[PDB]
2 protein chains.
Amino acid sequence: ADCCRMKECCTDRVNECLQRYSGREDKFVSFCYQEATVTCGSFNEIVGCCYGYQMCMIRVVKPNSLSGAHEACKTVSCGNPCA
Amino acid sequence: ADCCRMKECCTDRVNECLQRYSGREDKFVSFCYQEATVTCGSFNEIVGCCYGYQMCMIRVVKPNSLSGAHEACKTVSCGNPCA
Ligand SMILES: [Zn+2]
Ligand SMILES: [Zn+2]
């Protein structure tokens, strides 16, 4: 229904999901992103609920460093939601 | 300093603190709120960084129910920051 609510939900669910993987969070970024786009919905299933956020998190997230990644990536641009 | 940025930092940090307490998160809500106001600061040490949120989380946080509590409580009214 709304791309902006979708973003908010996407970043928050990814972060909450990644806190179940402590020590291993870098391995589960994509797992958590997939779960988040199912939960929050998306306008393109492949793109997901915020693509830019997934890329930022893949680049920044390192083991036992999750919070820093949340603060670094949460305001990043999502990019084209459609393609 | 910005009360609104304070609130955002507060609810996020409380949420992140409580995730170290899986299964027992209800015992640590006030603990985590205090940790959060240390990180995020406050305008009244006794009130903390978002009073309304602390009340909501104390009420709604149950073991293994944290995500449900965050989603419902994060945008809640903080009340008077001064007293
Ligand atoms: Zn955070
Ligand atoms: Zn949440």
# chains A, B, ... in the order shown; residues from 1 in each chain; ligands from 1
>>> residues_around(residues="residue 75 in chain A", least_positions_apart="5", cutoff="10 Å", atoms="only C-alpha atoms", output="ChimeraX atom specification")
/A:7-8,11,52-53,70
>>> interface_residues(of="chain A", to="chain B", cutoff="12 Å", atoms="only C-alpha atoms", output="JSON, numbers by chain")
{"A": [8, 9, 11, 12, 13, 14, 15, 16, 17, 18, 19, 20, 21, 22, 64, 65, 66, 67, 68, 70, 71, 74]}
>>> select_by_dssp(residues="chain A", states="helix (DSSP H, G or I)", output="JSON, numbers by chain")
{"A": [3, 4, 5, 6, 7, 8, 9, 10, 11, 12, 13, 14, 15, 16, 17, 18, 25, 26, 27, 28, 29, 30, 31, 32, 33, 34, 35, 36, 37, 38, 39, 40, 51, 52, 53, 54, 55, 56, 57, 58, 59, 60, 66, 67, 68, 69, 70, 71, 72, 73]}
>>> closest_residue(among="A:4, A:62, A:29, A:36", to="ligand 2", atoms="only C-alpha atoms and all ligand atoms")
A:36
>>> atom_distance(atom1="CA of residue 26 in chain B", atom2="CA of residue 43 in chain B")
25.8 Å
>>> atom_distance(atom1="CA of residue 2 in chain A", atom2="CA of residue 83 in chain A")
16.8 Å
>>> atom_distance(atom1="CA of residue 38 in chain B", atom2="CA of residue 10 in chain A")
27.5 Å
>>> residues_around(residues="residue 48 in chain B", least_positions_apart="3", cutoff="9 Å", atoms="only C-alpha atoms", output="MDAnalysis selection string")
chainID B and resid 10 33:34 36:38 41:45 51 54 81
>>> write_last_selection(atoms="N, CA and C atoms", output="mmCIF file, in the first residue's frame")
data_model
loop_
_atom_site.group_PDB
_atom_site.id
_atom_site.type_symbol
_atom_site.label_atom_id
_atom_site.label_comp_id
_atom_site.auth_asym_id
_atom_site.auth_seq_id
_atom_site.Cartn_x
_atom_site.Cartn_y
_atom_site.Cartn_z
ATOM 1 N N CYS B 10 16.391 6.625 21.344
ATOM 2 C CA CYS B 10 15.898 5.945 22.543
ATOM 3 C C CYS B 10 15.172 4.644 22.253
ATOM 4 N N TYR B 33 16.135 0.748 29.170
ATOM 5 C CA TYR B 33 15.731 2.124 29.025
ATOM 6 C C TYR B 33 16.774 3.016 29.653
ATOM 7 N N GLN B 34 17.266 2.647 30.830
ATOM 8 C CA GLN B 34 18.283 3.501 31.425
ATOM 9 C C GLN B 34 19.570 3.503 30.604
ATOM 10 N N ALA B 36 19.742 3.149 27.455
ATOM 11 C CA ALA B 36 19.405 3.948 26.309
ATOM 12 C C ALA B 36 19.485 5.415 26.638
ATOM 13 N N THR B 37 19.017 5.854 27.804
ATOM 14 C CA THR B 37 19.140 7.283 28.062
ATOM 15 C C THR B 37 20.594 7.660 28.332
ATOM 16 N N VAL B 38 21.434 6.715 28.751
ATOM 17 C CA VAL B 38 22.849 7.073 28.868
ATOM 18 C C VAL B 38 23.387 7.370 27.471
ATOM 19 N N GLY B 41 21.055 10.399 25.827
ATOM 20 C CA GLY B 41 20.892 11.609 26.628
ATOM 21 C C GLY B 41 19.440 11.885 26.978
ATOM 22 N N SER B 42 19.200 12.879 27.828
ATOM 23 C CA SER B 42 17.833 13.259 28.173
ATOM 24 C C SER B 42 17.793 14.687 28.682
ATOM 25 N N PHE B 43 16.604 15.274 28.792
ATOM 26 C CA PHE B 43 16.505 16.631 29.321
ATOM 27 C C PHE B 43 16.194 16.628 30.817
ATOM 28 N N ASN B 44 15.837 15.459 31.333
ATOM 29 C CA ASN B 44 15.615 15.266 32.761
ATOM 30 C C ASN B 44 16.040 13.841 33.099
ATOM 31 N N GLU B 45 17.085 13.704 33.909
ATOM 32 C CA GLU B 45 17.646 12.397 34.248
ATOM 33 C C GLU B 45 16.603 11.409 34.776
ATOM 34 N N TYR B 51 9.675 8.721 28.134
ATOM 35 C CA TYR B 51 8.954 8.106 29.230
ATOM 36 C C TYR B 51 7.784 7.236 28.757
ATOM 37 N N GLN B 54 8.801 3.895 27.656
ATOM 38 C CA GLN B 54 9.182 2.990 28.712
ATOM 39 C C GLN B 54 7.923 2.390 29.321
ATOM 40 N N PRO B 81 8.993 15.955 28.389
ATOM 41 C CA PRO B 81 10.414 15.639 28.564
ATOM 42 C C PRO B 81 11.039 16.346 29.764
#
>>> closest_residue(among="A:78, A:1, A:56, A:40", to="ligand 2", atoms="only C-alpha atoms and all ligand atoms")
A:40
>>> closest_residue(among="B:61, B:32, B:82, B:73", to="ligand 2", atoms="only C-alpha atoms and all ligand atoms")
B:73
>>> decode(residues="range 13-42 of chain A", atoms="C-alpha atoms", output="compact mmCIF listing (two decimals), in the first residue's frame")
# COMPACT_ATOMS: atom_id res chain seq x y z
CA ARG A 13 12.72 -6.27 10.37
CA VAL A 14 16.13 -6.83 8.80
CA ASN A 15 17.80 -5.45 11.94
CA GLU A 16 15.58 -7.50 14.32
CA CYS A 17 16.09 -10.64 12.29
CA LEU A 18 19.87 -10.13 12.23
CA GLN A 19 19.91 -9.99 16.06
CA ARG A 20 19.01 -13.71 16.08
CA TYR A 21 22.32 -14.46 14.33
CA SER A 22 24.88 -12.90 16.73
CA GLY A 23 28.45 -13.61 15.70
CA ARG A 24 27.14 -14.68 12.27
CA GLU A 25 25.22 -11.57 11.11
CA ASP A 26 27.24 -10.99 7.92
CA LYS A 27 26.15 -14.41 6.67
CA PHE A 28 22.45 -13.71 7.22
CA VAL A 29 21.98 -10.22 5.73
CA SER A 30 20.42 -11.64 2.56
CA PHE A 31 18.39 -14.21 4.58
CA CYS A 32 16.96 -11.45 6.72
CA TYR A 33 16.35 -9.22 3.73
CA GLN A 34 14.35 -12.01 2.08
CA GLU A 35 12.30 -12.56 5.20
CA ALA A 36 11.74 -8.83 5.52
CA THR A 37 10.47 -8.41 1.95
CA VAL A 38 8.05 -11.26 2.53
CA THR A 39 6.84 -9.68 5.79
CA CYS A 40 6.68 -6.05 4.69
CA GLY A 41 5.71 -6.89 1.13
CA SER A 42 7.30 -5.43 -2.02
